[PDB]
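Written out below as structure tokens is the structure these notes cover.
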Amino acid sequence: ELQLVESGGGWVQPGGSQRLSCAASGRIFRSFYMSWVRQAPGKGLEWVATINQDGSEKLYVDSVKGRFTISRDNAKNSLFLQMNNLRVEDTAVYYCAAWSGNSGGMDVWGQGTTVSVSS
Amino acid sequence: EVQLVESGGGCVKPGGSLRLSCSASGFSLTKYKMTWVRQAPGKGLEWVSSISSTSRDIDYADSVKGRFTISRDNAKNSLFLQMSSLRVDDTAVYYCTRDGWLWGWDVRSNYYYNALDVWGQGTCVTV
Amino acid sequence: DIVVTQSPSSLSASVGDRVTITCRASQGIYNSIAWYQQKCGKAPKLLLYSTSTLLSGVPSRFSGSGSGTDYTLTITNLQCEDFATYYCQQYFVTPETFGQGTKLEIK
Amino acid sequence: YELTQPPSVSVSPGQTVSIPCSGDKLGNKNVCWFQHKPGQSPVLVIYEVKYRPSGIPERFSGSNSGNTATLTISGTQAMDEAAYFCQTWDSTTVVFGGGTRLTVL
Amino acid sequence: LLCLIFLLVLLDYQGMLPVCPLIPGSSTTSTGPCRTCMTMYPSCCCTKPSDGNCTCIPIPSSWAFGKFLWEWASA
Amino acid sequence: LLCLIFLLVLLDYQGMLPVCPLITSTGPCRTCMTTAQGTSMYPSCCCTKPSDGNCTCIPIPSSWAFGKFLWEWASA
């Protein structure tokens, strides 16, 4: 199948920046919508971003509108989320998700990276 | 986001020549038939020219037939309209639109006509 | 080569009202009429195509009807955003003739 | 746009339960149900109003009545104890429910 | 074999072989969930992960299989 | 002709020919995926609505779409 692994999540001072990288394990990665969904500690899942196959359609949630930038390297089979001007409420476990063609939702998920934006 | 941005619009002496360059972002021009629509100041919309997906079916309006020259570049993803010998009656805002999606060989009956689904921003040409 | 008359030239209506715009082609275009909305000094946006199909971002208030040569665009509920000029275009055969345009003003 | 779920529901060791999911006109939207066990990545359980992906057991089922989606688990075991989120799109942004931490005694 | 090929060609010319187009990546038609066919001619649809609605494209009425093969061999 | 027939059969087996499963029962319409070459999505359903009917979105078979369609057409 398709396996996604998140990396680059870690502690960062408020107002800082991060670049979470999601490495895929297949060439089918290029054929899927790739989304970032976060789960904050003590809260449920929250969608963050979504990018189409070509990368020409990037969608973000209003909480991280403008602050985050999702972009994919199809040749390298990776999906990066650049977080700029992070906030205290951006502390969460971020998962990359693949909208596979064998399901109507995102049925491929990664382990997740625990971004901890605090002083 | 599907968007078209044209350029090359400005004041031009009568009998001169201008070239309008309409780039597209968010999609590709390779399989779409592109169209030019102008709007004279205080007048209505008017079709100008239309080029097929592979530059085979070129159509010009009877008012601008012979002078204008429409040409696409799918590799560069950009439409172009070379205007030659502009009369004083050619001053208008030109919009580059997207008329029809090709599926199959390049014939007018192999297109899915959605009637100019996305419009450009419009470049003013003043003579 | 197809004369596509559009009527009325201009019409006023209240803030909430149903307004119908008629478009009569010279000859049959076989349900290949499209309705575009052009606001104050902006590029027209496609509202309807194939005489019935709505477009993404278009409010559900706009609707289309008619067949053969006579087609209608109906706005059941109006709003400040509905101040624009509406054009009907036939794309049944080249050249793609547009309508003359109707100016809609909220009274 | 807000999806309203119960904070938690109670299940007998082998009984059937139904996790509801309120919303504004959910009858005209696709609702995907996930399963986020603590410490594990979310697992898609239902990708349409009533359709399950490959490998998900047949016990899960989905329904959408009026403005309320529902995930029904029949013959719930101890391996269904997790948080279930209903996901649907408002205009172009996907929205998850508040979570329904299923409890199996 | 040859008769079968000619029969397939004849069925494809009449539009009886519903080999449907690759749905365009950028379709502006207003839609909704696939279970609500807001568009209807027989169309091939896929659920768009962005807005959650379905993007559809009608089957070509002239040569569906031929057009699909042409577009497959053109890429 | 034999090479063309073999190529068509191979494409049918791989799921490269999205033939509608119509010769009903509504089915899932899975998410859009682009093909190997191109920005166009690969269809997953065959939604069709009659003039006075309902939605019938039957998913496109993956194993043999064209073969299953031909078998259904012959059987009906």
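Quick note on naming: the chains in the structure tokens go A, B, ... in the order shown, residues restart at 1 in each chain, and ligands are numbered from 1 in order of appearance.
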So that I can check the surroundings of stretch 56-71 of chain A, please list as a PyMOL selection string every protein, DNA and RNA residue that reaches within 7 Å of it, counting only C-alpha atoms and ignoring chain neighbours fewer than 4 positions away. (chain A and resi 47-52+79-85) or (chain B and resi 1+26) or (chain D and resi 93)
Dump N, CA and C atoms for the selected residues as a PDB file, in the first residue's frame?
```pdb
ATOM      1  N   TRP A  47      -8.678  19.779  10.810  1.00  0.00           N
ATOM      2  CA  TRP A  47      -8.061  19.902   9.501  1.00  0.00           C
ATOM      3  C   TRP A  47      -7.195  21.158   9.439  1.00  0.00           C
ATOM      4  N   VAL A  48      -6.089  21.057   8.705  1.00  0.00           N
ATOM      5  CA  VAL A  48      -5.156  22.171   8.584  1.00  0.00           C
ATOM      6  C   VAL A  48      -5.055  22.615   7.133  1.00  0.00           C
ATOM      7  N   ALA A  49      -4.675  21.699   6.247  1.00  0.00           N
ATOM      8  CA  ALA A  49      -4.409  22.096   4.869  1.00  0.00           C
ATOM      9  C   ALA A  49      -4.703  20.937   3.930  1.00  0.00           C
ATOM     10  N   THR A  50      -4.825  21.260   2.643  1.00  0.00           N
ATOM     11  CA  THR A  50      -5.033  20.271   1.594  1.00  0.00           C
ATOM     12  C   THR A  50      -4.436  20.792   0.296  1.00  0.00           C
ATOM     13  N   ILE A  51      -3.785  19.900  -0.448  1.00  0.00           N
ATOM     14  CA  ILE A  51      -3.141  20.242  -1.710  1.00  0.00           C
ATOM     15  C   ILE A  51      -3.468  19.157  -2.728  1.00  0.00           C
ATOM     16  N   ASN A  52      -3.746  19.566  -3.963  1.00  0.00           N
ATOM     17  CA  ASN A  52      -4.115  18.616  -5.001  1.00  0.00           C
ATOM     18  C   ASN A  52      -2.870  17.910  -5.535  1.00  0.00           C
ATOM     19  N   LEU A  79       5.630  15.655   1.136  1.00  0.00           N
ATOM     20  CA  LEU A  79       4.593  16.657   1.362  1.00  0.00           C
ATOM     21  C   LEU A  79       5.009  17.515   2.548  1.00  0.00           C
ATOM     22  N   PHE A  80       5.353  18.771   2.297  1.00  0.00           N
ATOM     23  CA  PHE A  80       5.829  19.666   3.334  1.00  0.00           C
ATOM     24  C   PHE A  80       4.749  20.668   3.718  1.00  0.00           C
ATOM     25  N   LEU A  81       4.714  20.991   5.005  1.00  0.00           N
ATOM     26  CA  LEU A  81       3.891  22.064   5.550  1.00  0.00           C
ATOM     27  C   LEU A  81       4.833  23.028   6.253  1.00  0.00           C
ATOM     28  N   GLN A  82       4.999  24.217   5.684  1.00  0.00           N
ATOM     29  CA  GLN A  82       5.816  25.264   6.280  1.00  0.00           C
ATOM     30  C   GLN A  82       4.915  26.122   7.157  1.00  0.00           C
ATOM     31  N   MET A  83       5.163  26.098   8.460  1.00  0.00           N
ATOM     32  CA  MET A  83       4.418  26.894   9.424  1.00  0.00           C
ATOM     33  C   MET A  83       5.240  28.134   9.746  1.00  0.00           C
ATOM     34  N   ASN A  84       4.680  29.304   9.464  1.00  0.00           N
ATOM     35  CA  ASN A  84       5.322  30.579   9.742  1.00  0.00           C
ATOM     36  C   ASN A  84       4.506  31.340  10.776  1.00  0.00           C
ATOM     37  N   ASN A  85       5.203  31.987  11.710  1.00  0.00           N
ATOM     38  CA  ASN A  85       4.573  32.732  12.800  1.00  0.00           C
ATOM     39  C   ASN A  85       3.618  31.832  13.587  1.00  0.00           C
TER      40      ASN A  85
ATOM     41  N   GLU B   1      -6.279  28.284  -7.731  1.00  0.00           N
ATOM     42  CA  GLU B   1      -7.530  28.829  -8.245  1.00  0.00           C
ATOM     43  C   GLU B   1      -7.439  29.080  -9.743  1.00  0.00           C
ATOM     44  N   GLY B  26      -3.552  27.864 -12.320  1.00  0.00           N
ATOM     45  CA  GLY B  26      -4.502  26.953 -11.725  1.00  0.00           C
ATOM     46  C   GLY B  26      -5.007  25.863 -12.643  1.00  0.00           C
TER      47      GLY B  26
ATOM     48  N   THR D  93     -13.546  23.568   3.094  1.00  0.00           N
ATOM     49  CA  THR D  93     -12.772  23.222   4.277  1.00  0.00           C
ATOM     50  C   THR D  93     -13.448  22.048   4.968  1.00  0.00           C
TER      51      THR D  93
END
```
Residue F:7 environment, 12 Å, only C-alpha atoms, sequence neighbours closer than 3 positions dropped, as a PyMOL selection string: (chain E and resi 69+72-73) or (chain F and resi 1-4+10-14+16-17)
Keeping only C-alpha atoms, write those residues as a PDB file, in the first residue's frame.
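File written: out-v7.pdb
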```pdb
ATOM      1  CA  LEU E  69      -7.650   5.637 -26.740  1.00  0.00           C
ATOM      2  CA  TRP E  72      -4.312   7.718 -23.749  1.00  0.00           C
ATOM      3  CA  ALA E  73      -1.892   7.568 -26.688  1.00  0.00           C
TER       4      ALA E  73
ATOM      5  CA  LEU F   1      -4.670  -6.180 -34.808  1.00  0.00           C
ATOM      6  CA  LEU F   2      -3.583  -8.876 -32.360  1.00  0.00           C
ATOM      7  CA  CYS F   3      -1.136  -6.498 -30.675  1.00  0.00           C
ATOM      8  CA  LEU F   4      -3.883  -3.877 -30.351  1.00  0.00           C
ATOM      9  CA  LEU F  10      -4.075  -5.560 -20.706  1.00  0.00           C
ATOM     10  CA  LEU F  11      -5.462  -2.053 -20.163  1.00  0.00           C
ATOM     11  CA  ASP F  12      -8.826  -3.551 -19.217  1.00  0.00           C
ATOM     12  CA  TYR F  13      -7.173  -5.876 -16.689  1.00  0.00           C
ATOM     13  CA  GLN F  14      -5.099  -3.070 -15.156  1.00  0.00           C
ATOM     14  CA  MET F  16      -6.982   1.670 -17.357  1.00  0.00           C
ATOM     15  CA  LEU F  17     -10.294   1.657 -19.273  1.00  0.00           C
TER      16      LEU F  17
END
```
Backbone DSSP call of strand (DSSP E or B) for stretch 2-125 of chain B, listed as an NGL selection string: :B and (3-6 or 11 or 17-25 or 32-39 or 45-51 or 58-60 or 69-73 or 78-84 or 92-102 or 111-112 or 119 or 123-125)
Quick one: residues within 10 Å of residue A:90, only C-alpha atoms counted, chain neighbours fewer than 4 positions away excluded, as a PDB file with C-alpha atoms, in the first residue's frame?
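Listed below is the output, part_32.pdb:
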```pdb
ATOM      1  CA  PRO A  14       6.006  31.210  19.857  1.00  0.00           C
ATOM      2  CA  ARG A  38      -3.795  18.236  13.453  1.00  0.00           C
ATOM      3  CA  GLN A  39      -4.984  16.890  16.801  1.00  0.00           C
ATOM      4  CA  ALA A  40      -4.355  19.314  19.642  1.00  0.00           C
ATOM      5  CA  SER A  63      -6.937  29.384  11.809  1.00  0.00           C
ATOM      6  CA  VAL A  64      -3.683  29.021   9.844  1.00  0.00           C
ATOM      7  CA  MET A  83       4.418  26.894   9.424  1.00  0.00           C
ATOM      8  CA  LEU A  86       3.412  29.823  14.934  1.00  0.00           C
ATOM      9  CA  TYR A  94       0.118  16.673  12.889  1.00  0.00           C
ATOM     10  CA  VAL A 115       4.688  20.146  17.311  1.00  0.00           C
ATOM     11  CA  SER A 116       5.016  21.904  20.684  1.00  0.00           C
ATOM     12  CA  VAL A 117       4.946  25.680  20.173  1.00  0.00           C
ATOM     13  CA  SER A 118       5.525  27.161  23.627  1.00  0.00           C
TER      14      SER A 118
END
```
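Counting only C-alpha atoms, the residue from E:49, E:15, E:71, E:40 that sits nearest to residue A:35 is E:49.
Coordinates place atom CA of residue A:53 at a distance of 12.0 Å from atom CA of residue F:42.
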Would you give me, as a PyMOL selection string, the residues of chain B that come within 8 Å of chain E, using only C-alpha atoms? chain B and resi 2+26-27+103-105+110+117-118
